[PDB]
Amino acid sequence: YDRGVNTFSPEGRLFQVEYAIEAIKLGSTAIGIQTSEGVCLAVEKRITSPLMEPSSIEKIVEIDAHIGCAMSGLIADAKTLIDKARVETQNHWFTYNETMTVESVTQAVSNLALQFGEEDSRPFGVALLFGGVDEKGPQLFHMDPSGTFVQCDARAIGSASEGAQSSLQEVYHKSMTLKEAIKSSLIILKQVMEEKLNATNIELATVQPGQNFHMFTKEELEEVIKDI
Amino acid sequence: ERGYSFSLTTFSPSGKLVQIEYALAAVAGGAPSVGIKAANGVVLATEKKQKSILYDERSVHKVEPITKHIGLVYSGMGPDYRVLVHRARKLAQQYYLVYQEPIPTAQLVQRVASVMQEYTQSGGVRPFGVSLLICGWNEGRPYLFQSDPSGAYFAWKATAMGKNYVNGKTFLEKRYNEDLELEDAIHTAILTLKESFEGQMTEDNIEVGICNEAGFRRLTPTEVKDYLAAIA
Amino acid sequence: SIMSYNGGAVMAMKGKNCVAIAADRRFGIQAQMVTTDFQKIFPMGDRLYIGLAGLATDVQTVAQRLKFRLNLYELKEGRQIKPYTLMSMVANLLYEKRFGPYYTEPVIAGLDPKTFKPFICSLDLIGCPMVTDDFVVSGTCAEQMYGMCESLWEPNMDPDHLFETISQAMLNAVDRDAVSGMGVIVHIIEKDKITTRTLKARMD
Amino acid sequence: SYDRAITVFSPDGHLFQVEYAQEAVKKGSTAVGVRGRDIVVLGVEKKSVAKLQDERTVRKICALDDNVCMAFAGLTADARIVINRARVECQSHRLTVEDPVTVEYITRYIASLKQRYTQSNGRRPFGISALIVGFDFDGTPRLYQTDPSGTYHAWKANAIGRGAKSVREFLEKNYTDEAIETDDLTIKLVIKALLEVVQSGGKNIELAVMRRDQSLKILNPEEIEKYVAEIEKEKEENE
Amino acid sequence: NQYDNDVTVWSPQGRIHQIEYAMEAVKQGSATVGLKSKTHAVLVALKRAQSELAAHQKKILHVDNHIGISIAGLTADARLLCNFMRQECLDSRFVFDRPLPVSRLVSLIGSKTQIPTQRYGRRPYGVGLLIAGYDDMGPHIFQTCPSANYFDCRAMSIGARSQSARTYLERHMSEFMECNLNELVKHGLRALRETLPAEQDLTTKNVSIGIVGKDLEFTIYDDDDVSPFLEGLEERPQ
Amino acid sequence: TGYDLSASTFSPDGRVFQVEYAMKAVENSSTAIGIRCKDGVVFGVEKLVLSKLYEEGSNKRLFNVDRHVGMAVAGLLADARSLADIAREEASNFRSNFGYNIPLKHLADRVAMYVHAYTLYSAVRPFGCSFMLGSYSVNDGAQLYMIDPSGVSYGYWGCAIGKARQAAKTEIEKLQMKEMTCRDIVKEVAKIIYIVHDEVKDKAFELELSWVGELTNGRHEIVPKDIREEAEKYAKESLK
Amino acid sequence: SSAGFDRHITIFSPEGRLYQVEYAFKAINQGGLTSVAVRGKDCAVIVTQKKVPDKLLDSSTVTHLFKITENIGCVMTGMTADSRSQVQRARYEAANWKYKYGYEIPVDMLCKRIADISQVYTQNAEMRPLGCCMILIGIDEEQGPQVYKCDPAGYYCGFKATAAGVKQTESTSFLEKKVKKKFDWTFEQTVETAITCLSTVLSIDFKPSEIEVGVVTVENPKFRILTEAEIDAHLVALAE
Amino acid sequence: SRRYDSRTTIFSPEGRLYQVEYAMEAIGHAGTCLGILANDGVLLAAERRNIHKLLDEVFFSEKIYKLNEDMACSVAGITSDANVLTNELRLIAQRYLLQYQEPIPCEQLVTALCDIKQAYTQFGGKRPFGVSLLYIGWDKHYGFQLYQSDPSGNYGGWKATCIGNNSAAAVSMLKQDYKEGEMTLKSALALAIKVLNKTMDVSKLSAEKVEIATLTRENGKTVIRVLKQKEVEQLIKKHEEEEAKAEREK
C-alpha cells in the first residue's frame with residue numbers, strides 16, 4: 001500500500017515530484033513579464049482577514065541588488081531556497097569579485113531542488129520566478145519542483161496560471177515598453193483574483209539596467225491603478 | 001551492514017507489551033527448575049534429560065558459576081542463556097577492577113536485568129526467552145533472586161521455574177519454613193523435582209549447585225547419587 | 001617544582017581504637033599567602049575522612065569528582081562505603097589520567113563501620129596504594145614529618161596521647177618548612193564522637 | 001539513527017501530518033492577544049484549574065526576554081521545549097549583535113525551527129501555535145502568530161485554540177480605533193471576547209499586560225473581578 | 001502486482017520491473033540522432049517547448065574539448081551525471097595530462113549507475129545519454145540506458161518515436177563511412193524529419209547540431225548557425 | 001504469498017525464492033560454453049546480433065580478469081561487469097600482499113564468498129549472473145570453475161550456461177577433452193554451438209572465442225582471426 | 001498459532017515458537033545428503049556420501065569434508081553456499097585462538113564460538129540464519145576423541161554417534177541399538193559400524209567411488225582423508 | 001523494511017496521538033501511590049501488590065526510591081521501565097551538584113527528566129515509557145513541594161494526588177476532606193489511612209500491604225524515614241476505633 005518516496009510510476013515519471021506539481025496550483029497567482037527595457041514582476045497577496053496586517057506577508061523578495069524573486073505554492077519552505085540563493089551570490093562575489101549572472105543563480109538552486117531520500121526528505125513544493133538584469137540584459141527564468149528551469153518571456157504561475165497564460169500570449173510582443181508592460185499585467189490580475197484591486201492586495205517590483213532592484217510601495221503604485 | 005533502528009515491540013491498544021507476553025510462553029515451556037535458600041546457603045536444582053543415549057551429558061552444564069560465590073541457572077531456551085552468561089561474567093569483572101572486591105549478588109541483578117530491559121526497547125531485536133535464578137552468600141546472609149525477560153526482578157525464599165511451575169509453588173509452600181539446613185533443602189529440592197520428571201531420576205538426569213559461606217560450587221554425580229538415594 | 005607551587009602537608013596517624021588526621025591552613029602562590037582557612041580535609045561519610053595535598057586546582061577538583069562518584073555509590077547500594085573500598089575508588093580515578101595526571105597525593109583515614117577498626121593509607125599521584133599501621137604523610141615537608149613520627153609514635157595510644165603526639169609532630173615539622181604553616185587543624189575521630197581542634201601555631 | 005520520511009505529499013497536494021497537527025491546536029485552551037499603541041493586552045482563557053491545588057506551575061504566559069512575551073495553545077509538552085530553545089538563541093544573539101532581540105527576529109527563529117522540523121526524517125511536526133508579543137526598540141508594539149507549518153504572520157488582534165473563529169469573528173466587529181484609547185479600556189476589549197468564549201466567569205480567565213517598559217504583570221483575581229463587574233455593568237445599563 | 005514496488009525485488013519471471021519502468025522515462029523525451037563517419041562524430045537533437053513564448057529546452061551539453069553528450073529523460077538526473085562526467089575528465093587531465101579516452105569514460109558511468117539498481121530504496125537514473133567522442137582510434141558513438149548497460153554502436157536514436165528513425169539509419173548506413181561533414185549531417189537531418197508529424201519539420205529554433213572532428217574541437221551550433229547546415233534539404237515527399 | 005519478497009526469509013518448506021528467481025534470469029541470456037583441453041582452456045560465446053546498428057566488437061560477454069585468468073559471463077550484463085570489477089580488484093590485492101599470481105582455487109573462493117554475501121540481507125538483492133573462470137599455470141595446469149548466483153563453485157572438465165544448457169552439455173561429453181590439445185578443440189568448440197539456436201529464434205549471430213594455455217605462453221587472449229575462420233569454415237558441414 | 005509478522009522474521013509466535021528457525025532446519029534436508037560420525041575408544045570417524053551426477057564435473061572438488069585446523073576436521077551438510085561460508089569463519093576463529101592464547105584450540109571451544117555467532121542471526125530480525133549444519137571431530141588431551149554438532153539455532157552438544165541430513169532419524173535409531181549393547185570399539189570396527197550405518201539406512205551396498213571418510217586417531221592426530229584404495233580395503237573386508 | 005515499521009510517532013486523523021494514550025491507559029492499572037502535605041513534612045503512601053507468602057522483603061523499600069539527599073520519588077507502571085528512569089535522574093542531581101556545589105531544586109529536577117521522557121514521544125521511532133511517578137522533596141526556595149509526572153512529558157505541582165487504579169475515587173475524596181495549610185503530619189497520616197481504606201478492595205488494611213515514607217525537615221538533615229511495620233497497624237486500628245464510634249453515634 002505505502003510506497004517509498006523514491007519510486008517510479010508504470011508510466012515512468014515519479015510519484016511525489018508529480019504530486020508537488022499539483023501543490024503549486026493552490027498558491028496565489030503571480031505574473032512576470034520580460035521586456036527589453038526591464039523586467040516587471042507582480043503578485044497578489046490573498047488577504048484573508050480584515051484584522052490581518054497586510055504588509056507582513058510578501059511574495060516578492062530580493063536575492064541580490066540586481067535580482068528579484070517571486071514565490072508561489074507553499075511559502076514556509078520557499079524561505080529555505082531564498083537563503084541558499086543569497087549565500088550563493090555572495091560566495092561568487094567573494095571569490096570572483098563580480099556579480100553572478102541570473103541564469104547561474106537558477107541552476108545553483110535547481111541542483112538543490114531534487115536531493116531528498118533516506119540517507120545523509122521530500123521535494124520542495126514551491127515555484128519561483130527569477131527576474132534580473134545581468135550583462136546580457138534583462139532576464140526571466142522559471143524553475144520547478146522537479147528542478148527543471150527554462151527562460152520565459154511572460155510566465156504566469158499560481159492557481160490562475162493557465163487562465164492567465166492564454167490572456168498573456170495575445171498581448172505580449174517583443175517590442176514592449178516597461179510603462180505598458182506594468183499596465184498590461186494589472187489588467188490580467190484584475191480578472192483572476194477574488195477581491196477588488198487596490199493598493200494593498202497586490203505589490204510590484206521592477207529591475208532596470210540603469211538602477212538596481214526597486215520594489216514599488218503604496219504611494220507610487222496607485223497612479224497605475226487609477227489610470228488603468 | 002547496519003540495523004533497523006526501530007522498536008518492534010509496541011503497546012497494544014489494551015496496554016500490554018505483546019512480545020514480552022509471548023516470551024513468557026517460551027519460558028514456561030522450558031525444563032523445570034527449583035531454587036531454595038535456607039539459613040546457611042542456597043540450593044539450585046534443575047532437570048537435564050538428554051533426548052537419547054548418544055549424547056554426552058558431561059559436555060554442557062545448566063548450572064554455571066559467575067564468580068567465586070555466585071551461581072546461576074535458567075529455564076527457557078538454550079542459546080539465549082549462553083549470551084547473558086558471558087555478559088554477566090564480564091559485568092562481575094568491571095566491578096572488580098574498580099572496587100577490588102567480589103560483587104554483591106544484589107548489584108549483579110541490578111546490572112543483568114538492566115541488560116534485559118535495554119534489550120526489549122532497542123531497535124530491531126526480539127526479547128530474551130529465559131528466566132534466571134541467581135544465588136550467592138554475600139556478608140553471611142544468602143540471597144536468591146529471579147529475573148524475567150521483561151527486566152524486572154524479585155527476592156524469593158523458594159520458587160520454581162519451567163513446566164508445572166504453578167504446581168511446584170504450591171508444593172514448596174506446604175514444605176518450606178524458615179529453619180532448614182543446606183542438606184535439608186537439597187532433599188526437598190529433589191522432592192519437588194520428582195513431581196514432574198520421568199520415572200528414572202538418576203545421577204545424570206539432574207544437576208544441583210549449592211552456595212555456602214565457603215563459596216559457590218557444583219555437585220559431582222557421585223554425591224548426587226547419594227542424595228538421589230534415600231529420597232522421596 | 002609543581003608540588004611546591006602552593007605547599008601543603010597532611011598527616012594521618014593510627015591509635016588504639018581511634019585515628020586522627022591533621023593538615024595546615026595556608027593558601028598561597030609560591031611566596032605570597034592569600035588566606036589562612038583553605039580546606040584540605042574533606043568528609044566522606046561518618047567516621048571516614050580524606051586529606052588532599054598538592055596543586056590547589058586538583059585539590060578542589062578531585063574532592064568534587066570523588067563526591068560525584070561517592071553519592072552514586074551510596075544510593076545504588078544501600079550501605080556506607082568501607083575504608084578499603086574507597087582506596088580502590090580513588091586509585092581508579094587517578095589512573096585514568098595516566099598521561100594527564102592530577103598533581104595531588106591523597107591521604108585516607110577512618111574507622112571501619114561495622115567492626116570499629118582504624119584504617120590509614122596514602123597514594124601517589126598516579127594511584128599506588130600503600131597501607132601502613134603507624135602513620136602516613138604527604139605534602140611538601142615530607143622528610144620533616146618522618147623524623148617526628150619515627151621518633152614519637154607508640155603502638156597502643158588512647159585518644160589523649162594520640163592528640164598530643166600528632167600535634168607535636170605537625171607543629172615542629174611545619175615550622176621547619178617555609179611554604180607551609182599559618183595554623184594547623186586536627187580532626188581526631190573515634191567510634192562514639194568526633195573532635196575538631198585548631199592549634200596555636202606560628203602565624204610567622 | 002531512525003531515518004524515515006514521516007511527512008510526505010498527498011495525491012491531491014496536501015500534507016497529512018501538518019493538517020493533523022492543526023487539529024491538535026484546535027482543542028487547546030484559548031489564548032487571545034490584542035495590541036494597543038503603548039500597552040499590549042494578552043491573556044489565556046479556560047484556566048480549568050482544580051481550584052484546591054497548585055497554580056504557579058501551570059502558567060502558559062512566559063518571557064523569552066525582558067521585552068518579549070509569548071503565549072501559546074496546543075499540547076503543552078511540545079511547547080515548553082520550543083520556549084527553552086528560544087531562550088538560548090535570544091541569549092546567544094546578545095553575544096553577537098549588541099541590541100536586545102527584536103520581536104521580528106525571534107519569530108523567524110521559531111518559524112524556521114518548525115519548518116525544517118517538518119522536513120527531517122523520523123520527526124512528527126510540532127502541535128502548537130503561539131502568539132509572540134513584544135515592544136521592540138523605538139516603542140513600536142506589534143504581535144505575530146505561528147502556524148505549526150512555520151509561517152510567521154503579524155496581526156492587530158488574534159485568538160487561537162479551541163473556540164478561536166467564534167472569537168475571531170467577534171473581534172473584527174469589535175475592534176475599533178477608539179477601543180485602543182486607554183489601557184484599561186483595551187483590557188475590557190479582551191474581557192468581552194473571552195466571555196464570548198468558553199465559560200470564563202472571572203476565575204477561569206488570566207490576563208497579563210505590558211506597559212512597554214515593564215516586565216509581564218499578571219493581575220490577581222481582584223481586578224478581573226473588578227473589570228468583569230464593570231464590563232457587565234456597562235452591558236446591563238446599555239441593554 | 002506486489003513484485004512491482006522496489007528495485008531489490010525480483011519478478012517470478014526474472015525481470016525487475018523498476019528498471020523496466022525507467023525505460024519508459026527515456027521514451028518520453030524528444031528524439032535525438034547520433035552517427036559517425038570514418039573521421040567525424042555528429043549528433044543532432046530536437047528541442048521542445050511548453051508555450052510559444054517559453055524558450056526551448058536544450059539537450060546537447062559540452063563535457064570536454066573532445067567529448068559531448070545528449071540527454072533524454074528528466075533533466076535533473078541528467079545534470080547529476082553531467083557533473084560527474086566533467087569531474088572524471090579533468091582530474092585524469094590533472095593526473096596524467098592527457099585526454100581521457102571515451103571507451104574508458106563510459107565504463108565509469110556503467111559502474112556508477114549500477115550501484116543504485118541493487119540497494120534498497122534507491123531509484124535508477126532515468127537518462128538517455130548518447131555520447132560522441134575521440135579516442136586515438138577515431139570517432140565513437142555510445143549509448144546508455146537506465147539498466148546500466150552501455151552499447152557500442154555506429155548510429156543510434158533514442159527518445160519519443162525513435163523506431164522510425166532507426167529504420168532510416170539501417171537503409172543508408174552503407175554510405176556513412178565515406179562522406180565529408182556536409183552530407184554526413186544532412187543524412188542525420190533526414191532522420192529527424194522522419195520522426196515528426198507530417199506538417200512541421202525543422203524551423204531553425206528547435207534543432208541543434210554538435211560535431212567533434214579530427215582537427216575540430218567539439219562545437220555546438222544553436223538556431224542561427226544551424227541555418228547553413230539546414231539549407232540544402234529537399235521537401236518532404238507526399 | 002509474502003514468503004518470497006526478501007532474501008532474509010525462508011519459505012515454509014525451507015528454501016529462498018529470491019535466489020531461485022535470480023537463477024531464472026540466467027536462462028534468458030544466450031549461451032556461454034567453455035571446456036578445458038589437455039593443456040589449456042578454451043572459452044566460447046555465441047553472440048546475438050540484435051540489430052544491424054550495433055558495431056562488430058560491442059558489449060563483449062567475455063572479460064579478462066588477470067594476466068592469466070579469463071571470465072565468460074551469462075546474465076544481466078550490468079551485474080556481470082560489476083562482478084568482473086571486484087575479481088579484477090581481488091587479484092591485485094593478492095599480488096600486492098603476497099607477491100605472486102593468484103591461484104584459481106583461491107580466486108574463485110574469494111569471489112563466491114562475495115556473491116554469497118548478497119543472499120543474506122533484505123537491503124541487497126542477489127546477483128543475476130552466472131559465469132565461468134578458466135586459466136592455465138605452468139605449475140598447476142589448466143583450471144575451470146563456474147559460479148551460480150547462489151555462490152556455489154565447482155571444478156569442471158567442461159560446462160555450459162545460457163538458454164540451452166542441457167542441450168549444450170549433451171554434446172560436450174561426446175568429446176574427449178583429456179587428450180586433445182588446444183588446437184583441434186577450437187574447431188570442436190565452435191561446432192557444438194552451431195547445432196544449437198535454430199534460425200527461427202535468431203536471424204544471425206556472432207561467434208566469439210577465447211583461448212589460454214602454454215601455447216599462448218600462459219597469457220589469456222582472444223583467438224586470432226584466421227583460426228576462428230577455420231572454425232567458421234568448419235561451420236556448414238553439420239548439415240550432413 | 002500465528003499473529004503479526006512471526007512467519008516472516010525472527011520474533012515470537014503466540015505459542016512461544018518462532019518459525020523462521022524451524023523453517024531453516026528443513027533447509028538442511030534439501031541437499032539430498034546424509035552424514036554419519038562415530039566416536040571410538042581411541043579414534044573418531046566421519047563418513048559421508050558424495051553424489052556426482054555428471055561425467056563433465058571434476059570429482060575432486062566436491063568434498064564436504066574440510067580441514068579446519070591441522071588437527072580438526074569437519075563435515076558440512078545443508079546447502080553448499082552457506083556451508084562453505086561457515087567453514088571460512090571456523091578457519092579464522094581458530095587462528096585467532098592461537099595468536100591470542102598461544103596454544104591449540106580445543107574442539108568444544110571452537111564449537112561454542114560458532115554457535116554464538118549463529119545465535120545472533122536468530123536474535124536480530126534482519127539476517128537470514130544460515131540453513132546448514134556442522135559436525136566436528138578432534139583429539140583432546142586428557143579427553144581422548146570427541147564429536148560435536150552445531151545446528152543453525154545456536155545449540156550444540158557432545159555426542160558419541162552422530163547423524164545429520166535427510167535420513168537422520170533412521171540412522172540414529174540404528175546407532176542407538178548398536179551402542180547400548182556396549183561392545184568395545186577398535187579402529188576398524190568404528191569404520192565398519194559407520195559404513196554399515198548408511199549402507200543399511202540408504203540400502204546401497206556401494207563401490208568406493210561414492211563415499212568419503214575422514215579420521216583422527218591417537219597415534220596420528222592429523223586430520224587425514226582416506227584414499228579410495230584404502231577405502232576399498234575396509235569395504236571388501238566388510239563383505240566377509 | 002518499511003512494511004514492518006509500526007510508526008509510533010505519527011499523529012492520528014482525529015488530531016490526538018494513540019501511543020501515549022495506550023500507555024496512560026496502562027498507567028491506571030497496576031499500582032497505587034498518593035501523597036499529601038499541608039505543613040512541615042510530606043508523605044508518600046503506596047500500596048504493595050505482590051503479597052505472596054514467599055518473599056524476602058528487603059532493599060528498604062518497594063516503590064520508594066531515594067533520588068537526592070533531600071528528595072525521593074514513588075513510581076507507578078512498568079517496573080522495568082522504572083528502573084531506567086530512577087537511575088537516570090539520580091545522576092542528573094549529581095551532575096548538578098558537580099557543577100554548582102549546591103543541592104538541586106526540586107522543580108527543575110522534574111523538568112529535566114520530563115524532557116527526556118518527552119523526546120521519545122516525538123521522534124526516534126521508539127516505544128515511550130509507560131511510567132508516571134510522584135515527587136516529594138524540600139528546597140530553600142519554596143520549602144516542601146509535591147509534583148506529578150505523566151508519560152506524555154508534562155508535569156504539575158499539587159497538594160494531594162493519587163495515580164492508583166481507583167485514583168479518580170481517591171481524588172474525589174481528597175477534595176472532600178482537606179484543609180489548606182492546617183493538616184499537620186498526624187492528621188494527614190490519619191487521612192492517608194482513610195483514603196487507601198477506600199481504594200483498596202482487599203479490605204481490613206493489612207499492614208504489610210501498604211508502605212508509607214515521610215520526609216521531615218530536620219535542621220541540616222531532611223530526614224526521609226520509611227516507617228516500619230510495627231507502627232503501621234497501630235495507625236490502622238486508630239482509624240478503626242473512630243469509625244465504629246462515628247457510625248454508632250450517627
# chains A, B, ... in the order shown; residues from 1 in each chain; ligands from 1
$ residues_around --residues "residue 133 in chain D" --least-positions-apart "4" --cutoff "8 Å" --atoms "only C-alpha atoms" --output "PyMOL selection string"
chain D and resi 40+68-70+103+141-144
$ closest_atom_pairs --of "chain B" --to "chain F" --cutoff "12 Å" --atoms "only C-alpha atoms" --output "JSON lines"
{"residue": "B:1", "atom": "CA", "partner": "F:123", "partner_atom": "CA", "distance": 8.7}
{"residue": "B:2", "atom": "CA", "partner": "F:123", "partner_atom": "CA", "distance": 9.2}
{"residue": "B:3", "atom": "CA", "partner": "F:123", "partner_atom": "CA", "distance": 10.1}
{"residue": "B:4", "atom": "CA", "partner": "F:123", "partner_atom": "CA", "distance": 10.5}
$ select_by_dssp --residues "chain B" --states "strand (DSSP E or B)" --output "PyMOL selection string"
chain B and resi 11+17+33-37+42-47+55+64-65+71-76+125+130-137+142-147+153-155+158-161+206-211+216-218
$ interface_residues --of "chain D" --to "chain B" --cutoff "10 Å" --atoms "only C-alpha atoms" --output "count of residues only"
3
$ residues_around --residues "residue 201 in chain H" --least-positions-apart "6" --cutoff "12 Å" --atoms "only C-alpha atoms" --output "short mmCIF file (atom, residue, chain, number, x, y, z; two decimals) with N, CA, C and O atoms, in the first residue's frame"
data_model
loop_
_atom_site.label_atom_id
_atom_site.label_comp_id
_atom_site.auth_asym_id
_atom_site.auth_seq_id
_atom_site.Cartn_x
_atom_site.Cartn_y
_atom_site.Cartn_z
N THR H 32 -0.76 1.73 43.12
CA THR H 32 -1.46 2.82 43.81
C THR H 32 -0.46 3.59 44.65
O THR H 32 0.15 3.02 45.56
N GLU H 47 0.75 1.37 47.94
CA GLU H 47 0.18 0.06 48.23
C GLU H 47 0.98 -1.01 47.52
O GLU H 47 1.18 -0.94 46.31
N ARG H 49 1.68 -4.71 45.91
CA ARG H 49 0.86 -5.54 45.04
C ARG H 49 1.14 -7.03 45.22
O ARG H 49 0.21 -7.80 45.49
N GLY H 164 -3.56 5.76 41.49
CA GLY H 164 -3.95 4.39 41.69
C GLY H 164 -4.85 3.84 40.60
O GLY H 164 -5.05 4.44 39.54
N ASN H 165 -5.39 2.65 40.87
CA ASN H 165 -6.37 2.08 39.97
C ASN H 165 -7.72 2.75 40.12
O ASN H 165 -8.44 2.95 39.14
N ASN H 166 -8.09 3.12 41.34
CA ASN H 166 -9.28 3.92 41.60
C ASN H 166 -8.92 5.35 41.94
O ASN H 166 -9.48 5.94 42.86
N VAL H 195 -7.92 7.09 53.05
CA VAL H 195 -8.11 7.07 51.60
C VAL H 195 -7.84 5.68 51.05
O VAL H 195 -8.64 5.13 50.29
N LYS H 209 0.52 -4.69 53.42
CA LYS H 209 0.06 -4.41 52.07
C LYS H 209 0.33 -2.99 51.63
O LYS H 209 0.21 -2.69 50.43
#
$ interface_residues --of "chain H" --to "chain D" --cutoff "6 Å" --atoms "only C-alpha atoms" --output "MDAnalysis selection string"
chainID H and resid 10 13 15 123:124 153:154 157:159
$ write_last_selection --atoms "N, CA and C atoms" --output "PDB file, in the first residue's frame"
ATOM      1  N   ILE H  10       3.665   9.136  14.769  1.00  0.00           N
ATOM      2  CA  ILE H  10       2.802   9.956  13.935  1.00  0.00           C
ATOM      3  C   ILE H  10       1.512  10.304  14.666  1.00  0.00           C
ATOM      4  N   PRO H  13      -5.720  10.733  12.604  1.00  0.00           N
ATOM      5  CA  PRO H  13      -6.556  11.689  11.855  1.00  0.00           C
ATOM      6  C   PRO H  13      -7.544  12.476  12.693  1.00  0.00           C
ATOM      7  N   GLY H  15      -6.504  13.957  15.411  1.00  0.00           N
ATOM      8  CA  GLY H  15      -5.689  15.008  15.986  1.00  0.00           C
ATOM      9  C   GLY H  15      -4.804  14.551  17.124  1.00  0.00           C
ATOM     10  N   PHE H 123      10.176  11.832  18.416  1.00  0.00           N
ATOM     11  CA  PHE H 123      10.979  11.368  17.297  1.00  0.00           C
ATOM     12  C   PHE H 123      11.702  10.105  17.724  1.00  0.00           C
ATOM     13  N   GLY H 124      12.320   9.446  16.753  1.00  0.00           N
ATOM     14  CA  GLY H 124      13.155   8.297  17.005  1.00  0.00           C
ATOM     15  C   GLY H 124      12.528   6.971  16.644  1.00  0.00           C
ATOM     16  N   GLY H 153       4.954  13.772  29.132  1.00  0.00           N
ATOM     17  CA  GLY H 153       6.103  14.623  29.353  1.00  0.00           C
ATOM     18  C   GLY H 153       5.767  15.913  30.063  1.00  0.00           C
ATOM     19  N   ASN H 154       4.525  16.050  30.504  1.00  0.00           N
ATOM     20  CA  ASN H 154       4.069  17.247  31.192  1.00  0.00           C
ATOM     21  C   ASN H 154       3.874  16.975  32.675  1.00  0.00           C
ATOM     22  N   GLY H 157       2.482  20.833  39.689  1.00  0.00           N
ATOM     23  CA  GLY H 157       2.512  20.880  41.134  1.00  0.00           C
ATOM     24  C   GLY H 157       1.145  20.585  41.718  1.00  0.00           C
ATOM     25  N   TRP H 158       1.139  20.007  42.913  1.00  0.00           N
ATOM     26  CA  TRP H 158      -0.105  19.565  43.520  1.00  0.00           C
ATOM     27  C   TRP H 158      -0.027  19.744  45.024  1.00  0.00           C
ATOM     28  N   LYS H 159      -1.094  19.320  45.692  1.00  0.00           N
ATOM     29  CA  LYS H 159      -1.120  19.192  47.138  1.00  0.00           C
ATOM     30  C   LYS H 159      -1.474  17.792  47.604  1.00  0.00           C
TER      31      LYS H 159
END
$ select_by_dssp --residues "range 107-151 of chain C" --states "alpha helix (DSSP H)" --output "tab-separated table (two decimals) with C-alpha atoms, in the first residue's frame"
chain	number	residue	atom	x	y	z
C	142	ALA	CA	57.54	15.10	53.96
C	143	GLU	CA	61.01	14.42	55.38
C	144	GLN	CA	60.49	16.63	58.42
C	145	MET	CA	57.37	14.64	59.23
C	146	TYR	CA	59.19	11.30	59.12
C	147	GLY	CA	61.64	12.47	61.77
C	148	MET	CA	58.72	13.42	64.00
C	149	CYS	CA	56.68	10.25	63.58
C	150	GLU	CA	59.52	7.72	63.74
C	151	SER	CA	60.65	9.34	67.00
$ closest_atom_pairs --of "chain H" --to "chain B" --cutoff "9 Å" --atoms "only C-alpha atoms" --output "tab-separated table"
residue	atom	partner	partner_atom	distance
H:1	CA	B:4	CA	7.9
H:4	CA	B:8	CA	7.9
H:5	CA	B:6	CA	7.3
H:6	CA	B:8	CA	7.4
H:7	CA	B:6	CA	8.9
H:8	CA	B:10	CA	7.7
H:18	CA	B:13	CA	8.3
H:19	CA	B:11	CA	7.0
H:20	CA	B:11	CA	8.9
H:21	CA	B:13	CA	8.7
H:22	CA	B:15	CA	5.3
H:23	CA	B:15	CA	6.1
H:24	CA	B:15	CA	8.3
H:25	CA	B:15	CA	6.2
H:26	CA	B:15	CA	5.0
H:27	CA	B:15	CA	8.7
H:53	CA	B:173	CA	8.1
H:54	CA	B:157	CA	5.4
H:55	CA	B:156	CA	4.6
H:56	CA	B:155	CA	5.4
H:57	CA	B:155	CA	7.3
H:58	CA	B:155	CA	7.6
H:78	CA	B:152	CA	9.0
H:79	CA	B:152	CA	6.4
H:80	CA	B:152	CA	5.0
H:81	CA	B:117	CA	7.2
H:83	CA	B:114	CA	7.9
H:84	CA	B:114	CA	7.6
H:124	CA	B:6	CA	7.6
H:125	CA	B:6	CA	5.5
H:126	CA	B:7	CA	5.6
H:127	CA	B:10	CA	6.1
H:128	CA	B:10	CA	8.8
$ residues_around --residues "range 130-140 of chain H" --least-positions-apart "5" --cutoff "6 Å" --atoms "only C-alpha atoms" --output "ChimeraX atom specification"
/H:23,71-77,105,145-151
$ write_last_selection --atoms "C-alpha atoms" --output "JSON list (two decimals), in the first residue's frame"
[["chain", "number", "residue", "atom", "x", "y", "z"],
["H", 23, "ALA", "CA", 0.44, 3.97, 27.90],
["H", 71, "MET", "CA", 14.12, 14.20, 47.94],
["H", 72, "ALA", "CA", 12.59, 10.91, 46.85],
["H", 73, "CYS", "CA", 10.07, 9.52, 44.39],
["H", 74, "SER", "CA", 7.28, 6.96, 44.18],
["H", 75, "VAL", "CA", 6.71, 5.22, 40.87],
["H", 76, "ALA", "CA", 3.85, 3.50, 39.06],
["H", 77, "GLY", "CA", 3.53, 1.45, 35.90],
["H", 105, "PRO", "CA", 15.89, 22.50, 43.41],
["H", 145, "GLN", "CA", 6.95, 20.51, 47.29],
["H", 146, "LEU", "CA", 4.86, 17.82, 45.59],
["H", 147, "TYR", "CA", 4.93, 17.07, 41.87],
["H", 148, "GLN", "CA", 3.45, 14.57, 39.44],
["H", 149, "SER", "CA", 4.81, 13.32, 36.13],
["H", 150, "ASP", "CA", 2.92, 11.91, 33.15],
["H", 151, "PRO", "CA", 4.16, 9.69, 30.30]]
